[PDB]
Number of protein chains: 4
Amino acid sequence: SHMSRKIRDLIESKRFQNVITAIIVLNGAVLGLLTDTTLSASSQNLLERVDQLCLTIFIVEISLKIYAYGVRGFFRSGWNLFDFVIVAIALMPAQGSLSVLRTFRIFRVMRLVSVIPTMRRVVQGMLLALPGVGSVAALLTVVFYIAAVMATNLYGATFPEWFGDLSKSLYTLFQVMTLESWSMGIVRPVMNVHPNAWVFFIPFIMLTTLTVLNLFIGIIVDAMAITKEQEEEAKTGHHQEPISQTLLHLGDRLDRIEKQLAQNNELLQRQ
Amino acid sequence: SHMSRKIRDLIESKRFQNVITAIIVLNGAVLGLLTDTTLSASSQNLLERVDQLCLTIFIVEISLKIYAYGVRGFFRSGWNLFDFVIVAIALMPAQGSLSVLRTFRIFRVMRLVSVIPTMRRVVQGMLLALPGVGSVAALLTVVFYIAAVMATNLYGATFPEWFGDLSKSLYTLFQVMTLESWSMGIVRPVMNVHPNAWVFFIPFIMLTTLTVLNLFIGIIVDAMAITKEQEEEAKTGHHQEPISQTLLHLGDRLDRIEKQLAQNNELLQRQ
Amino acid sequence: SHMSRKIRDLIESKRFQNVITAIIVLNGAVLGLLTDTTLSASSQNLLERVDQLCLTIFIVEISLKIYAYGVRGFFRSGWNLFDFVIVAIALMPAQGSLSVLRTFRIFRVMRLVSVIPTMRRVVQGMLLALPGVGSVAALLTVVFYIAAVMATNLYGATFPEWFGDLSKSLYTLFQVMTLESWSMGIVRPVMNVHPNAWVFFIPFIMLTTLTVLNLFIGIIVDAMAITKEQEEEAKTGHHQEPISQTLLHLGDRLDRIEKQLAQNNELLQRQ
Amino acid sequence: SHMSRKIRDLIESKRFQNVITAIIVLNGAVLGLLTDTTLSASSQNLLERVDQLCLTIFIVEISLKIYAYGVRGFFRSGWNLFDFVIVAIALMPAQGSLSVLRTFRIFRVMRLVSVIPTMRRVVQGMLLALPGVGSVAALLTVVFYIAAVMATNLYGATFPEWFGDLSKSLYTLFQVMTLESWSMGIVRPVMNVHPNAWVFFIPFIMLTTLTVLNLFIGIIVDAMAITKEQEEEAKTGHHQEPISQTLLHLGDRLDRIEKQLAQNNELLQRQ
Ligand SMILES: CC/C(=C(\c1ccccc1)c1ccc(OCCNC)cc1)c1ccccc1
Ligand SMILES: CC/C(=C(\c1ccccc1)c1ccc(OCCNC)cc1)c1ccccc1
Ligand SMILES: CC/C(=C(\c1ccccc1)c1ccc(OCCNC)cc1)c1ccccc1
Ligand SMILES: CC/C(=C(\c1ccccc1)c1ccc(OCCNC)cc1)c1ccccc1
Ligand SMILES: CC/C(=C(\c1ccccc1)c1ccc(OCCNC)cc1)c1ccccc1
Ligand SMILES: CC/C(=C(\c1ccccc1)c1ccc(OCCNC)cc1)c1ccccc1
Ligand SMILES: CC/C(=C(\c1ccccc1)c1ccc(OCCNC)cc1)c1ccccc1
Ligand SMILES: CC/C(=C(\c1ccccc1)c1ccc(OCCNC)cc1)c1ccccc1
Ligand SMILES: CCCCCCCCCC(=O)N(CCO)C[C@@H](O)[C@@H](O)[C@@H](O)[C@@H](O)CO
Ligand SMILES: CCCCCCCCCC(=O)N(CCO)C[C@@H](O)[C@@H](O)[C@@H](O)[C@@H](O)CO
Ligand SMILES: CCCCCCCCCC(=O)N(CCO)C[C@@H](O)[C@@H](O)[C@@H](O)[C@@H](O)CO
Ligand SMILES: CCCCCCCCCC(=O)N(CCO)C[C@@H](O)[C@@H](O)[C@@H](O)[C@@H](O)CO
Ligand code: NA
Ligand code: NA
Ligand code: NA
């Protein structure tokens, strides 16, 4: 229909995107002011109306997309499903889930990432990096779990505040891994009772920082490459061979054209 | 005129640059001594004259450039505008701005960066890197802002010193992000009152350190490439294709010359 | 024999790997629950039987591999020797070694790395990186040892808790290197007695962080390359030229084909 | 002469290097034991003789090199001059210098770096990296110096322990830059008196960590490349074009051979 064709290009406009962006920025600002409890009841009830106004503009925007693209088409995008769920969960009377409350209205500012393409591409790159840093994250999860059981068994009886149980131990080890007070605060006290506790903790620190760093560098590097490669496909429309693939074959392609040149010289010299 | 031609090459000399450099180093040293309040009034009034002497030599230097290059030409360089504003703001009787005082005379040592070309190129590289780390810095700004609102709402009532308001929360979160006392100092105390506060803080730490690192690596990498690419254009005078562009097309250029070689072999074999 | 041929492909199946994986995950979980001392004697003796059950399934699995591959063949793999020693040391009545006890049953979860190929490849990459970060690790070991002797001689008499002996000094320096309370906790106190101790500690910090970082970046970079290069050999079966070798010769190979093209043009123009 | 020819190849042997290495390791160990003040006077005077024995073996070794290579030839190597000065300063009766004492005999273990080629190459790479991280280190030195003057002027009157003078301020800022207690320990206390001190400190932290990281990554990256490039020249004897030079011209060399191939096809098609 003509209604769904005109809707679509209204939705695809820069000023429509800019209207939605200023509505996200407005809802963000009013939720930030709402943290001020020194405000008068008049001001508090005023900002809650600005919140409802912002929320209804999103219900309108998301419904206009569902109509113009279809249910099959709108839900075909991960960023549209996120944009939907953000607004869809704001209209709910206590769903059957083990949550305390859905008072995280400020998670609406997260829509700024999806609405702004530059940030949507940046986040997108980091999301695609995660699968190819799955084995390292798993190795790190094993290393902690073994360290959490060891620490609870070794020190939970003498230092129950920090190694009282397995949950407590996972927390203290996360702290020791972030080098936060690990020595003056944890290991030095533990060492008075257990004089060789450094045998356990220095290797835990060495191992977890090498892995966390390998996990982070792995994400930052792949995401930076994925982003540039997506920009080339978005500009030229042609599929972009990943740089690692180009590098792994660079040797093969140079020695193929070395032999091709020498065999052309073979036919040329003898004529 | 001949006056503007001789001026220009005096200004473009190595010993003129070296004179200005020793004047910046002299003003820097006298401002550093001026921090000593144990000095006698004779010594204090002596150093303030050395400061005025240094400042007038800059008024002379900057005026000689304005004449020899012109207003259109001198203000065409960003480094010359900075060199101008540094001296121009030192001759001002309380401008209409919300500043406390312009007692930051030591910001004159910043001219050492502009006067010394090696450092002017190094800083220049970092300035050009910033635009292409704009999306990440924006993502980080959103992540804090959401975390600042969440922390003020969750903990500002029980721990007002650290999450009393939104400003206070931005500060504590910056501290938690720099891993500074985050656990023994902030989260462990918060956890006595709110037993699951780690659900909020460990992901905040994980997320903000991955982004800050991605923001820093993005700057350091692009700046290092931009600097080397500018050095090639400064040496050869020819435009330098950015390394990312060379890498993204390396595959295409190798398979083009593979086909070109094989098609030349096609015409050669059949003759 | 036909028994050793059928065994081998049972062992090489995905569901056999998945059975062993769920047995490792089960033994891991029961060892984690065993850390709970609030449990009843009935529950404690129940989990120890689940532990023995898991351990016997590994004795069966490892014996089935020893038979189907042979002793010469099974012990030809480093990952199989590790898988063997993990189970072989669990059946031992106090071997002649200077250990306290072999109560580290949770080191069985380490088999998840070997049993899961994705993680076995990830760890494998880090193990192969170590030899080519041997010189840096040695430089770091020399730097500490000299710093440990210097600190014990300078400060062990005045601050015996931290520099009492050489062992104590190695520990405090490891702490200072991880920037843990180095100033408010160690150097500031030391400086009251020895006003220029910063001359010793700031360079120690500068030097050890540059080396530890060079040691870590060296591992993370080589491991990431080794892993990708092993994946290419595993996919194509052909030997993969290391990227550093490709890069060091890239110049030579381009100027060889430049000359080969120009010499073919030499024979072509004159015909 | 024949004496200088036989000496030279004794000195160039692997077992001569191994003898010197075990003498360095022996002197290192005896200096480490000498830190133990609980030792008996018999043991203390025994180890000082082992120290003199080690020192004389170095006087013999260094004199054998001076004779076999000459003074012009021996002092032509930076590693030989270091090896000389290490031993030459151990035979000195209080030279005219502003030092406290030359009780740093453990700086002899530093000879292990020079004597062992693998480490001598590793250190060598880091030394050659320094010049090309000179501009960044200078930028960092300017940033601190300006921050040291600003902090002393702003806070030295209210917080003299930390910003009492310019020296004191350089130290506190180095601490704030290493994120050591910067907030709970320095900025939070300072903020009670000066409520907007975070305006000064958060940017100081942001700026100094980006630069220190750029300074460190710059060293680690160039040193890793310099080392691999020196290994290629040591293996092949041919000069190695630096990877940055190869990369900056890779585009030019590919489009030169693209045109050379197409112009050969031009002459081939028309024949
Ligand atoms: C296309 C980009 C990419 C990459 C990649 C990224 C940047 C630079 C060079 C390659 C990669 C490659 C292998 C890798 O190892 C772990 C997983 N093994 C399959 C992890 C990331 C990728 C993404 C999804 C799937 C498969 C590859
Ligand atoms: C130049 C060497 C290199 C590479 C590389 C090596 C060989 C061939 C092609 C690329 C690389 C790239 C991405 C990668 O993804 C890991 C993702 N999950 C661990 C892993 C290795 C690298 C490594 C770290 C930093 C900068 C370059
Ligand atoms: C010419 C250097 C450069 C680069 C660059 C730098 C180093 C190595 C390889 C490329 C770059 C490329 C894309 C990027 O992604 C974010 C912004 N997308 C446009 C950020 C930096 C640049 C500078 C200004 C403008 C456009 C590119
Ligand atoms: C070799 C892979 C690589 C690249 C790269 C990938 C593909 C094609 C061409 C270059 C790269 C370069 C600069 C870049 O700029 C980001 C600026 N704003 C996020 C982002 C990716 C890289 C990444 C990190 C470290 C070292 C190399
Ligand atoms: C095959 C991968 C590899 C590498 C390597 C790794 C990644 C990228 C580029 C090269 C390497 C090269 C030299 C190096 O320097 C110290 C030791 N000098 C021999 C350390 C690692 C290696 C592994 C084992 C042995 C020899 C090379
Ligand atoms: C692109 C330059 C580069 C290289 C490089 C340099 C020249 C030729 C070929 C590769 C490199 C690679 C691996 C390496 O292994 C060190 C292992 N033990 C110290 C050392 C240097 C590098 C360095 C750091 C990060 C990302 C790339
Ligand atoms: C030959 C290695 C090298 C490099 C280099 C190192 C690794 C990878 C790629 C290049 C380099 C290049 C420019 C640079 O920028 C600052 C100084 N500008 C001249 C700093 C280091 C060098 C060493 C001494 C002198 C000149 C170059
Ligand atoms: C692949 C891009 C890249 C490069 C690079 C860029 C263009 C052309 C050739 C190499 C580089 C290399 C060494 C360098 O030396 C700095 C020394 N003093 C600041 C600076 C830039 C890089 C950067 C950081 C990490 C890994 C690769
Ligand atoms: C990737 C690593 C993941 C680490 C996970 C941390 C453990 C999570 C469990 C947890 O922290 N608590 C849940 C239990 O209610 C509450 C805490 O309060 C408690 O664990 C202790 O930290 C202290 O209360 C004892 O001093
Ligand atoms: C990128 C992250 C940017 C973080 C920005 C930090 C917040 C800035 C506001 C601020 O810190 N103050 C301005 C208000 O005067 C003063 C502080 O003193 C106050 O916020 C608190 O830190 C304490 O005083 C309470 O314990
Ligand atoms: C790569 C760096 C390797 C550092 C190695 C650290 C030293 C290991 C020795 C050690 O720490 N102890 C063994 C001796 O029993 C026990 C400790 O308790 C003692 O050294 C002191 O830390 C305190 O007890 C004194 O305040
Ligand atoms: C690259 C950054 C370089 C930083 C350089 C640090 C300053 C060096 C001077 C210095 O620290 N002292 C020399 C003066 O004797 C002694 C110290 O004891 C003093 O400065 C203070 O730290 C405290 O004593 C006051 O609380
Ligand atoms: Na820290
Ligand atoms: Na602390
Ligand atoms: Na700390």
# chains A, B, ... in the order shown; residues from 1 in each chain; ligands from 1
call {"tool": "closest_atom_pairs", "arguments": {"of": "chain D", "to": "ligand 14", "cutoff": "9 Å", "atoms": "only C-alpha atoms and all ligand atoms", "output": "CSV"}}
result
residue,atom,partner,partner_atom_place_in_ligand_line,distance
D:180,CA,ligand 14,1 (Na),7.6
D:181,CA,ligand 14,1 (Na),5.6
D:184,CA,ligand 14,1 (Na),7.7
D:185,CA,ligand 14,1 (Na),7.6
call {"tool": "interface_residues", "arguments": {"of": "chain B", "to": "chain A", "cutoff": "6 Å", "atoms": "only C-alpha atoms", "output": "VMD selection string"}}
result
chain B and resid 135 146 149 214 251
call {"tool": "write_last_selection", "arguments": {"atoms": "C-alpha atoms", "output": "PDB file, in the first residue's frame"}}
result
ATOM      1  CA  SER B 135      31.622   6.550  19.137  1.00  0.00           C
ATOM      2  CA  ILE B 146      22.956   4.874  33.319  1.00  0.00           C
ATOM      3  CA  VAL B 149      21.337   7.038  37.906  1.00  0.00           C
ATOM      4  CA  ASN B 214      39.119  -0.076  23.644  1.00  0.00           C
ATOM      5  CA  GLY B 251      43.495  -9.318  -1.363  1.00  0.00           C
TER       6      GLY B 251
END
call {"tool": "closest_residue", "arguments": {"among": "C:252, C:222, C:233, C:165", "to": "ligand 11", "atoms": "only C-alpha atoms and all ligand atoms"}}
result
C:165
call {"tool": "residues_around", "arguments": {"residues": "residue D:163", "least_positions_apart": "6", "cutoff": "9 Å", "atoms": "only C-alpha atoms", "output": "list in words"}}
result
residues 148, 151, 152, 153, 154, 155, 156, 157, 169, 170, 171 and 172 of chain D
call {"tool": "write_last_selection", "arguments": {"atoms": "N, CA and C atoms", "output": "short mmCIF file (atom, residue, chain, number, x, y, z; two decimals), in the first residue's frame"}}
result
data_model
loop_
_atom_site.label_atom_id
_atom_site.label_comp_id
_atom_site.auth_asym_id
_atom_site.auth_seq_id
_atom_site.Cartn_x
_atom_site.Cartn_y
_atom_site.Cartn_z
N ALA D 148 52.52 19.61 38.57
CA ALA D 148 53.25 19.75 39.84
C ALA D 148 53.21 21.18 40.33
N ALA D 151 49.35 21.89 41.33
CA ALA D 151 48.99 21.25 42.59
C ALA D 151 49.64 21.92 43.79
N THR D 152 50.91 22.35 43.66
CA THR D 152 51.58 23.02 44.77
C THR D 152 50.93 24.35 45.05
N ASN D 153 50.53 25.08 44.01
CA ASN D 153 49.89 26.39 44.18
C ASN D 153 48.47 26.27 44.71
N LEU D 154 47.71 25.29 44.22
CA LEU D 154 46.33 25.11 44.63
C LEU D 154 46.20 24.51 46.04
N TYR D 155 46.96 23.41 46.32
CA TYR D 155 46.78 22.59 47.51
C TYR D 155 47.93 22.51 48.54
N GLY D 156 49.13 22.97 48.19
CA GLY D 156 50.27 22.89 49.10
C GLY D 156 50.14 23.61 50.44
N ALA D 157 49.22 24.56 50.54
CA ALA D 157 49.03 25.34 51.76
C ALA D 157 48.11 24.64 52.77
N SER D 169 54.95 17.37 45.33
CA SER D 169 53.87 17.32 44.36
C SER D 169 54.18 16.36 43.23
N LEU D 170 55.44 16.31 42.77
CA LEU D 170 55.82 15.36 41.72
C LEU D 170 55.60 13.94 42.20
N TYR D 171 55.92 13.66 43.47
CA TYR D 171 55.74 12.35 44.04
C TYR D 171 54.26 11.97 44.13
N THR D 172 53.41 12.84 44.71
CA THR D 172 51.97 12.56 44.87
C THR D 172 51.31 12.34 43.52
#
call {"tool": "residues_around", "arguments": {"residues": "residue B:89", "least_positions_apart": "2", "cutoff": "12 Å", "atoms": "only C-alpha atoms", "output": "PDB file with N, CA and C atoms, in the first residue's frame"}}
result
ATOM      1  N   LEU B  55      57.107  37.144  28.902  1.00  0.00           N
ATOM      2  CA  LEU B  55      55.815  37.425  28.294  1.00  0.00           C
ATOM      3  C   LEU B  55      55.914  38.455  27.185  1.00  0.00           C
ATOM      4  N   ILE B  59      55.067  38.454  23.050  1.00  0.00           N
ATOM      5  CA  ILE B  59      54.270  39.481  22.359  1.00  0.00           C
ATOM      6  C   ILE B  59      55.020  39.964  21.102  1.00  0.00           C
ATOM      7  N   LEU B  81      47.335  29.854  16.387  1.00  0.00           N
ATOM      8  CA  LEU B  81      46.198  30.383  17.132  1.00  0.00           C
ATOM      9  C   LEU B  81      46.365  30.054  18.618  1.00  0.00           C
ATOM     10  N   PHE B  82      46.823  28.831  18.937  1.00  0.00           N
ATOM     11  CA  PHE B  82      47.100  28.401  20.308  1.00  0.00           C
ATOM     12  C   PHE B  82      48.214  29.282  20.896  1.00  0.00           C
ATOM     13  N   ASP B  83      49.328  29.459  20.151  1.00  0.00           N
ATOM     14  CA  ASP B  83      50.467  30.318  20.515  1.00  0.00           C
ATOM     15  C   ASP B  83      50.033  31.766  20.732  1.00  0.00           C
ATOM     16  N   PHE B  84      49.012  32.212  20.002  1.00  0.00           N
ATOM     17  CA  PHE B  84      48.479  33.553  20.128  1.00  0.00           C
ATOM     18  C   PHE B  84      47.668  33.662  21.421  1.00  0.00           C
ATOM     19  N   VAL B  85      46.619  32.825  21.584  1.00  0.00           N
ATOM     20  CA  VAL B  85      45.709  32.789  22.733  1.00  0.00           C
ATOM     21  C   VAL B  85      46.451  32.629  24.064  1.00  0.00           C
ATOM     22  N   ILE B  86      47.554  31.860  24.081  1.00  0.00           N
ATOM     23  CA  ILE B  86      48.389  31.662  25.271  1.00  0.00           C
ATOM     24  C   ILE B  86      48.910  33.023  25.782  1.00  0.00           C
ATOM     25  N   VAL B  87      49.374  33.878  24.857  1.00  0.00           N
ATOM     26  CA  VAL B  87      49.935  35.185  25.195  1.00  0.00           C
ATOM     27  C   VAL B  87      48.841  36.257  25.312  1.00  0.00           C
ATOM     28  N   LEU B  91      47.218  39.231  28.840  1.00  0.00           N
ATOM     29  CA  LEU B  91      46.995  40.676  28.861  1.00  0.00           C
ATOM     30  C   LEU B  91      45.469  40.847  28.875  1.00  0.00           C
ATOM     31  N   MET B  92      44.847  40.628  30.037  1.00  0.00           N
ATOM     32  CA  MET B  92      43.365  40.743  30.134  1.00  0.00           C
ATOM     33  C   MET B  92      42.955  41.151  31.554  1.00  0.00           C
ATOM     34  N   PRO B  93      42.097  42.183  31.722  1.00  0.00           N
ATOM     35  CA  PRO B  93      41.648  42.631  33.039  1.00  0.00           C
ATOM     36  C   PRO B  93      40.268  42.063  33.410  1.00  0.00           C
ATOM     37  N   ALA B  94      40.220  40.768  33.753  1.00  0.00           N
ATOM     38  CA  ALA B  94      38.999  40.027  34.168  1.00  0.00           C
ATOM     39  C   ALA B  94      37.833  39.855  33.183  1.00  0.00           C
ATOM     40  N   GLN B  95      38.086  39.180  32.055  1.00  0.00           N
ATOM     41  CA  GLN B  95      37.042  38.932  31.021  1.00  0.00           C
ATOM     42  C   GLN B  95      35.733  38.332  31.549  1.00  0.00           C
ATOM     43  N   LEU B 101      39.992  32.436  38.378  1.00  0.00           N
ATOM     44  CA  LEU B 101      41.149  33.294  38.086  1.00  0.00           C
ATOM     45  C   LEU B 101      42.043  32.659  37.016  1.00  0.00           C
ATOM     46  N   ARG B 102      42.759  33.499  36.263  1.00  0.00           N
ATOM     47  CA  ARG B 102      43.687  33.040  35.240  1.00  0.00           C
ATOM     48  C   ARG B 102      45.102  32.988  35.802  1.00  0.00           C
ATOM     49  N   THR B 103      45.249  32.359  36.980  1.00  0.00           N
ATOM     50  CA  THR B 103      46.546  32.177  37.636  1.00  0.00           C
ATOM     51  C   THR B 103      47.313  30.944  37.101  1.00  0.00           C
ATOM     52  N   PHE B 104      46.884  30.395  35.956  1.00  0.00           N
ATOM     53  CA  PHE B 104      47.542  29.258  35.356  1.00  0.00           C
ATOM     54  C   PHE B 104      48.567  29.726  34.345  1.00  0.00           C
ATOM     55  N   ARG B 105      49.566  30.477  34.829  1.00  0.00           N
ATOM     56  CA  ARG B 105      50.674  30.971  34.011  1.00  0.00           C
ATOM     57  C   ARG B 105      51.555  29.826  33.535  1.00  0.00           C
ATOM     58  N   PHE B 107      50.598  27.168  32.243  1.00  0.00           N
ATOM     59  CA  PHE B 107      50.082  26.662  30.969  1.00  0.00           C
ATOM     60  C   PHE B 107      50.854  27.266  29.760  1.00  0.00           C
ATOM     61  N   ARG B 108      51.825  28.169  30.013  1.00  0.00           N
ATOM     62  CA  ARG B 108      52.724  28.750  29.024  1.00  0.00           C
ATOM     63  C   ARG B 108      53.733  27.686  28.617  1.00  0.00           C
TER      64      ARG B 108
END
call {"tool": "residues_near_ligand", "arguments": {"ligand": "ligand 9", "cutoff": "12 Å", "atoms": "only C-alpha atoms and all ligand atoms", "output": "PDB file with C-alpha atoms, in the first residue's frame"}}
result
ATOM      1  CA  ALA A 137      36.392 -16.798  28.766  1.00  0.00           C
ATOM      2  CA  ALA A 138      35.683 -20.486  29.447  1.00  0.00           C
ATOM      3  CA  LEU A 139      39.358 -21.089  30.480  1.00  0.00           C
ATOM      4  CA  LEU A 140      39.039 -18.111  32.861  1.00  0.00           C
ATOM      5  CA  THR A 141      35.793 -19.519  34.309  1.00  0.00           C
ATOM      6  CA  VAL A 142      37.534 -22.855  34.993  1.00  0.00           C
ATOM      7  CA  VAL A 143      40.549 -21.125  36.585  1.00  0.00           C
ATOM      8  CA  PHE A 144      38.374 -19.175  39.058  1.00  0.00           C
ATOM      9  CA  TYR A 145      36.102 -22.133  39.902  1.00  0.00           C
ATOM     10  CA  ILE A 146      39.181 -24.287  40.802  1.00  0.00           C
ATOM     11  CA  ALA A 147      40.667 -21.311  42.733  1.00  0.00           C
ATOM     12  CA  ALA A 148      37.283 -20.742  44.511  1.00  0.00           C
ATOM     13  CA  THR A 152      37.331 -22.111  50.502  1.00  0.00           C
ATOM     14  CA  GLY A 156      37.369 -20.491  54.733  1.00  0.00           C
ATOM     15  CA  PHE A 159      39.059 -16.313  57.328  1.00  0.00           C
ATOM     16  CA  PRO A 160      35.284 -16.882  56.887  1.00  0.00           C
ATOM     17  CA  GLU A 161      34.541 -13.257  55.922  1.00  0.00           C
ATOM     18  CA  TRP A 162      36.467 -13.668  52.682  1.00  0.00           C
ATOM     19  CA  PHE A 163      36.466 -17.436  52.064  1.00  0.00           C
ATOM     20  CA  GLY A 164      33.497 -18.436  54.288  1.00  0.00           C
ATOM     21  CA  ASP A 165      31.820 -20.299  51.374  1.00  0.00           C
ATOM     22  CA  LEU A 166      32.155 -20.738  47.590  1.00  0.00           C
ATOM     23  CA  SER A 167      30.228 -17.557  46.681  1.00  0.00           C
ATOM     24  CA  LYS A 168      32.357 -15.482  49.134  1.00  0.00           C
ATOM     25  CA  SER A 169      35.531 -16.984  47.598  1.00  0.00           C
ATOM     26  CA  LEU A 170      34.508 -16.107  44.031  1.00  0.00           C
ATOM     27  CA  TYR A 171      34.080 -12.500  45.140  1.00  0.00           C
ATOM     28  CA  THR A 172      37.439 -12.236  47.020  1.00  0.00           C
ATOM     29  CA  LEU A 173      39.239 -13.820  44.073  1.00  0.00           C
ATOM     30  CA  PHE A 174      37.616 -11.340  41.630  1.00  0.00           C
ATOM     31  CA  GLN A 175      39.023  -8.582  43.970  1.00  0.00           C
ATOM     32  CA  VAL A 176      42.498 -10.244  44.131  1.00  0.00           C
ATOM     33  CA  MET A 177      42.362 -10.484  40.285  1.00  0.00           C
ATOM     34  CA  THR A 178      41.646  -6.756  40.011  1.00  0.00           C
ATOM     35  CA  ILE A 186      43.869 -10.035  51.900  1.00  0.00           C
ATOM     36  CA  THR A 208      44.219 -14.549  35.816  1.00  0.00           C
ATOM     37  CA  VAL A 212      41.857 -11.458  31.384  1.00  0.00           C
TER      38      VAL A 212
ATOM     39  CA  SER B 183      35.965  -3.492  47.071  1.00  0.00           C
ATOM     40  CA  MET B 184      37.512  -2.972  50.548  1.00  0.00           C
ATOM     41  CA  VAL B 187      31.455  -2.486  47.471  1.00  0.00           C
ATOM     42  CA  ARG B 188      32.281  -4.463  50.687  1.00  0.00           C
ATOM     43  CA  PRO B 189      30.748  -1.679  52.908  1.00  0.00           C
ATOM     44  CA  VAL B 190      27.731  -1.350  50.520  1.00  0.00           C
ATOM     45  CA  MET B 191      27.266  -5.143  50.581  1.00  0.00           C
ATOM     46  CA  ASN B 192      26.652  -5.232  54.386  1.00  0.00           C
ATOM     47  CA  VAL B 193      23.438  -3.225  53.817  1.00  0.00           C
ATOM     48  CA  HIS B 194      22.650  -4.532  50.245  1.00  0.00           C
ATOM     49  CA  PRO B 195      23.858  -8.164  50.009  1.00  0.00           C
ATOM     50  CA  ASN B 196      23.724  -8.402  46.177  1.00  0.00           C
ATOM     51  CA  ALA B 197      25.356  -5.064  45.216  1.00  0.00           C
ATOM     52  CA  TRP B 198      28.110  -7.120  43.494  1.00  0.00           C
ATOM     53  CA  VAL B 199      25.482  -7.915  40.762  1.00  0.00           C
ATOM     54  CA  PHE B 200      25.579  -4.193  39.886  1.00  0.00           C
ATOM     55  CA  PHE B 201      29.321  -3.456  40.450  1.00  0.00           C
ATOM     56  CA  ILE B 202      31.204  -6.477  38.953  1.00  0.00           C
ATOM     57  CA  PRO B 203      29.474  -6.014  35.504  1.00  0.00           C
ATOM     58  CA  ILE B 205      33.785  -2.946  36.264  1.00  0.00           C
ATOM     59  CA  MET B 206      33.899  -5.564  33.481  1.00  0.00           C
TER      60      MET B 206
END
call {"tool": "atom_distance", "arguments": {"atom1": "atom CA of residue B:21", "atom2": "atom CA of residue B:114"}}
result
10.0 Å
call {"tool": "closest_residue", "arguments": {"among": "A:210, A:133, A:46, A:115", "to": "ligand 1", "atoms": "only C-alpha atoms and all ligand atoms"}}
result
A:133
call {"tool": "atom_distance", "arguments": {"atom1": "atom 25 (C, counted along the ligand's line) of ligand 7", "atom2": "atom CA of residue D:248"}}
result
15.7 Å
